[PDB]
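# Descriptive structure summary
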Amino acid sequence: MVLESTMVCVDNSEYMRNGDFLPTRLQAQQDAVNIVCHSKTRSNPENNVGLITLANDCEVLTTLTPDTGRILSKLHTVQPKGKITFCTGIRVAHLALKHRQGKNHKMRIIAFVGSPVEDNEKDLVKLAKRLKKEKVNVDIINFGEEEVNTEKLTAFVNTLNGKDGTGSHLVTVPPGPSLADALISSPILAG
Amino acid sequence: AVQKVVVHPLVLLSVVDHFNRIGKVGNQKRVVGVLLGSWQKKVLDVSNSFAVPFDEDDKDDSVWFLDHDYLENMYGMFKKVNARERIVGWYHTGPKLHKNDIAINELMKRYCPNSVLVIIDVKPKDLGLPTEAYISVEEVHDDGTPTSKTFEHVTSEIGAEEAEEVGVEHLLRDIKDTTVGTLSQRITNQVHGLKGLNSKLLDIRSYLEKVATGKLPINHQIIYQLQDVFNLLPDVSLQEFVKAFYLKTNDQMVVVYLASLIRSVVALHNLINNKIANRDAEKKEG
Amino acid sequence: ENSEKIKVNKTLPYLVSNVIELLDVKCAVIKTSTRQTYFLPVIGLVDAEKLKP
Amino acid sequence: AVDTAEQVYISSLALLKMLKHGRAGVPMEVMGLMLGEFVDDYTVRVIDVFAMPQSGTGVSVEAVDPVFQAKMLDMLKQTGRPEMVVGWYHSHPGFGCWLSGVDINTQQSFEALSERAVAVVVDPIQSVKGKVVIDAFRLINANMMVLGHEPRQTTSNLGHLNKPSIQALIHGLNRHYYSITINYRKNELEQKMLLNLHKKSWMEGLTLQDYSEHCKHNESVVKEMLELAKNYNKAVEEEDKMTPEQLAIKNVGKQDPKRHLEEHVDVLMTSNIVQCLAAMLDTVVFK
Amino acid sequence: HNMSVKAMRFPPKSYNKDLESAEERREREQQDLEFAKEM
Amino acid sequence: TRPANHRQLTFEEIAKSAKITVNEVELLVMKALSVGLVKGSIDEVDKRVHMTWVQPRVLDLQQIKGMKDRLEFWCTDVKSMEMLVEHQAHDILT
Amino acid sequence: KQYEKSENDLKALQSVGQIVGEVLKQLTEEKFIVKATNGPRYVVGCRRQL
Amino acid sequence: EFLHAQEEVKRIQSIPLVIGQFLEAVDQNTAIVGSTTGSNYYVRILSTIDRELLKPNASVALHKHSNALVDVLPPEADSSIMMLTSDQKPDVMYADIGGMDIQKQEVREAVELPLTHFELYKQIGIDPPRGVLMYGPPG
Ligand SMILES: [Zn+2]
């Protein structure tokens, strides 16, 4: 509800295709979206979802659209190949919000991080710095078994929520084959 | 590929309207849209254009957004109103052909396999035509970069349809080269042509400033064409060419002589025709 | 609709014409009793098979 | 309580769209929606216009499609700027500029939603070079005529500048609808990017036009003056006779060398003056 | 030819006021037709 | 090397610079023209070979400065011929 | 069900007839000489799509 | 502005026009024309129509509402089209005629020859026949 618009940030890195959870982290991702996009809808009957690839460069599949089936079908044919460019990834989702539908929709993007993340800190703070300037909260979900606790995003998420800025939270998953299921509950619950 | 690209006045106007409609920022930003039109006998025609949302941060020009759904959804609207017009390319103000506009063409290559991008300035204060049309051509080499893909220019001119011309000329009612004869030619091609030649020559001189302060390490190919340009300069006017010129420049003067003489005779008879008129009127009156 | 349908018929004066060619590219070409031919795109308030040339 | 000084400004661009759509469906009556902005209680300005798809066979403006209206309006806003539908335009092929029975009926519909809606009629065949022919209109209430009180409460000598067309007067002009003066907005950026762009060339100035073919053109033209001149002699003696009006009518079936000879001379002098001049201009520009 | 046009602009003198057929006749006929055209 | 004005390579002047006899330079010029590498004509009456187009090559950084000179001496010449028409054709303008 | 059938008739009351004649010559791309097979000869235009 | 009034009077041309016929010119700015609807009208000619085309009976376009010369169409016809080879040529040689030399010669000397050798007839002095009748038994 609250007229929210989420711009999903899908991952398709080459090391993301190993099945350490169950049906490889491709169906694990597809089931993950299904339990969020539909969960993302059904609260306010005017919402919006958009899937963006974190492949080598600017790769966006579906834009801001109330429909639900387009994203799921468009998820297929997404076989992973290549490296992940996180720093230049969120900004692409950032612009999508700027050129949105009726601007009365709250803006948020959930991240779908995965295969080994690459960042140099500092810049990440700037990456989080700008988004926190303009009525934007991001939701990076730790996944794909990156470095334990992902102590590079840790300096990232806190920046957005800093100064008592309650909002989205970092979510991690056990390296073992823990089914995605409803395990993602920190943002959906109240954030 | 395509020999030429003709740009209708409506498309030219819908781009100026687009910039002012969104250009409230003021300082600077390009504007990008999708062109529509049709072609016959390998000659493109662009008639209608609609604005596609597009933003891009200045630093690290590898980030930008173009709404595919907006492109697909709206084209359904334009298809219904007019089926003949189908996507043929894209336009953007982009006075300097920004670098990132070589992967954007790949984005639009889906809808039109052979698309053309026409750069049309929204703030022109100049002498040349404000419509450059480029097409994508591919060739990889070992000099520039492992990934080689560059635009090739196609001559572009401003067209006119029967309906548009009526409005366009009505909208001006400002200045026209009335009595289009020796007066317009001496100004519409001779003086203007010299102005253009100087500017293009000055453009070549500006690039050659790299001789002292290197900007790019000698493009090589640019030099090759420049060498061929000099060799093509007309041979010195001292040999049998001079006789050939006189035997033709003077030959054209005879026709001018004959035309002038006929003009005088007709002018003299006209004065006689009129002069006898008032003499006859005056004589009868008094 | 019947009120509007009668309105056109309510103009009782008709112009008798003879059907010339019931073209199927279900249209009809008529020849009014004034030496004028026409190409009524829609047959009208009559069946397309009850009308023979 | 209208002000009879409405002065509907249209655009420098909305007009081109109106004409292009009008000529595209010249046999039929295309219809569309005007996206303008009310400004004063005395002027209504349009900015952009978008067409509505034709329902199919039939020269009529029967009805508008609500869903198509919303889809395009909700789509233009997210890229351009929001605008409110202020009027509708339909093109009359060659009848003129007026409102028919159906057009009146469709018009009151728009007026019901918006009080000051403006209806526009564009004629794409009659307009030729400098006249576009629009004559935007609006409806008059039937109550007023029943009351008999004249509408528009004229308070300025501004609306009575254009004599109503007799063809339009035959229909419900000043009886079922009243015309509103139409003018245009033009700016140098628009004009300089249209006037100084339409008919221009890049480098044709320094082109010598097939020097071999140039003298051949001269020979054919000059040879025509040999026979044309001879007929001039025969056209001077028989002239200057009685009843010149009889002489004037006598030149309605046979070529007159007085004008024909001059026409050829005019082209001959300009072609060589330009062609010759480019010869010396080139000889200095290039080496 | 330039000289010839020089003497051309002298002859014109008080030769502009020349009605083709008439003024009152055309106006009167038009008014009557308009009244009957309406009904 | 030769300026475009002269370009009148004589038969002897070519044989000496390539170490050929005079009675053989003819096959050399045709060989160059056959490949498409130079363009010209052969006149075996005064023993001359005309050249009109030698394939462009690379100029490191000094012959390119000289190329700038030939544009300055040419832009200024075209400039003068522009105002000449504009000044003596003031009435015929606009 | 009959209401749908009636609506079809109401969709035909707005279609008018068309004069029938044969083309004689093509003056230009948008001008034709056609003689209606009742009366005079007309110079008339042509629909763009046709 | 003169160039603007000239381009504004063309509105009287318009697309829908009625093809008439030119009969006789009564004076400059006026003429008598015959409408295809069947009548003879006294109309006024446009001041931009090249009078050189106002030949004897010819094709002239008249305004629909108020008859008035507004153009001069090129010559045309309705039920008479020249035979443009193709499958519409007769396809019969002179060698397929069963020996009618005397009759064949006569038609040659009165139809084919004058068209080619026109100047010879004037030189000799004969006046070329202006139409040949072909009468005889049925077949
Ligand atoms: Zn209408």
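- Structure determination for this entry is recorded as cryo-EM, at 2.9 Å resolution.

## Focus: the overall build of chain E
- Scanning chain E from N- to C-terminus turns up two helices and zero strands.
- Once the C-alpha set of chain E is aligned to its principal axes, its extents read approximately 60 × 15 × 10 Å.

## A closer look at the UniProt feature "binding site: Zn(2+)" in chain D
Residues and elements named next belong to chain D.
- Taking the numbering used here, the UniProt-annotated feature "binding site: Zn(2+)" corresponds to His-90, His-92 and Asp-103.
- Here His-90 lies in strand β4 (residues 84-91).
- With a relative accessible area of 0%, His-90 lands in the buried category.
- Beyond its immediate sequence surroundings of up to four residues, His-90 is in contact with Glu-29, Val-30, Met-31, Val-61, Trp-98, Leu-99, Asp-103, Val-120, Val-121 and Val-122.
- Separated by 2.3 Å, the side chains of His-90 and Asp-103 make a polar contact.
- Along the polypeptide, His-92 turns up in the loop between β4 and α3 (101-113).
- The exposure class assigned to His-92 is buried, which follows from its relative accessible area of 1%.

## Considerations on the domain arrangement of chain D
- The domains assigned to chain D are domain 1 (7-195) and domain 2 (206-280).
- Relative placement of domain 1 of chain D and domain 2 of chain D: their C-alpha centres are 49 Å apart.

## A few points about the interface of chain D and chain B
- With 72 residues of chain D at the contact, the number on the chain B side is 80 residues.
- Summing the contributions of chain D and of chain B, the shared interface buries around 7,200 Å²; its carbon and sulfur component is 70%.
- When the area that chain D buries against chain B is broken down by residue, the three leading residues are D:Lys20, D:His198 and D:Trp202, summing to 10%.
- Applying the counting rule to chain D against chain B returns three salt bridges.
- D:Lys129 is the partner of B:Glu169 in a salt bridge, and the nearest nitrogen-oxygen pair spans 2.2 Å.
- If you look at where chain D meets chain B, you find 14 residue pairs in polar contact.

## So, the coordination of the zinc ion
- For the zinc ion, the protein coordination sphere consists of D:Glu29 (OE), D:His90 (NE2), D:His92 (NE2) and D:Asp103 (OD), at 1.7 to 2.3 Å.
- Viewed at the metal, the four donor atoms of the zinc ion are separated by angles of 69 to 169°, and the geometry they form is irregular.

## Focus on the sheet that holds strand β1 (residues 4-7) of chain B
Residue and element names in this part refer to chain B.
- Pairing in this closed barrel of seven strands is mixed, and the strands run β1-β3-β2-β6-β7-β8-β9 around the ring. Across the sheet, the mean angle separating the axes of adjacent strands is 40° when strand polarity is ignored.
- Inspection of the sheet shows strand β6 (residues 86-92) paired to strand β7 (residues 116-119) by three bridges, in the parallel sense. Paired with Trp-90 across the two strands is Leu-117, which belongs to β7.
- Across the sheet, helix α2 (residues 68-81) touches β2 (32-40), β3 (43-51) and β6, and the angle it forms with β3 is around 110°.

## Some thoughts on the pattern of salt bridges
- Following the criterion strictly, the structure yields 30 salt bridges over all chains and no others.
- Put simply, B:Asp251 and B:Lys248 hold a salt bridge, and the shortest N to O gap is 3.6 Å. One end of the pair is B:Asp251 and the other is B:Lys248, both in helix α7 (residues 240-285) and three residues apart, which spans about a single turn.
- Judged by relative accessible area, B:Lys248 falls into the partly exposed class, the value being 27%.
- When salt bridges that share partners are traced, they join B:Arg21, D:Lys17 and D:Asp48 into one network.

## Observations regarding the arrangement of the chains
- For this structure, the chain pair with the highest number of contacts among twelve pairs of chains in contact is chains B and D.
- At no point do chain C and chain F touch; the closest pair of C-alpha atoms across them sits 56 Å apart.
- At the level of C-alpha atoms, the two units chain F and chain G stay apart, their nearest approach being 35 Å.

Reading guide: rules and limits
- Residues numbered from 1 in each chain as written, not as in the entry; some residues may be left out.
- Chains lettered and ligands numbered in written order.
- Part of a larger assembly, values for the part shown.
- Heavy atoms only, no water.
- Residues with missing side-chain atoms left out of burial classes, pairs and counts.
- Helix = DSSP H or I, 4+ residues; strand = E, 2+ residues; numbered from the N terminus.
- UniProt positions renumbered as here; feature names shortened; annotations may be inferred.
- Buried < 20%, exposed > 50% of the residue type's maximum accessible area, 1.4 Å probe, protein only.
- Contact = heavy atoms within 4.5 Å.
- Polar contact = N/O pair within 3.5 Å; in protein donor to acceptor, adjacent residues only side chain to side chain.
- Domains from an automatic or database assignment.
- Buried area = accessible area lost by both parts, 1.4 Å probe.
- Salt bridge = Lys/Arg side-chain N within 4 Å of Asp/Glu carboxyl O.
- Donors = N, O, S within 2.8 Å, 3.2 Å for Na, K, Ca; no water.
- Tetrahedral: all angles 85-135°; square planar, octahedral: opposite > 155°, others 65-115°.
- Pairing = 2+ DSSP bridges.
- Axes fitted to C-alpha atoms, helices over the stretch in contact; angles between N-to-C directions.

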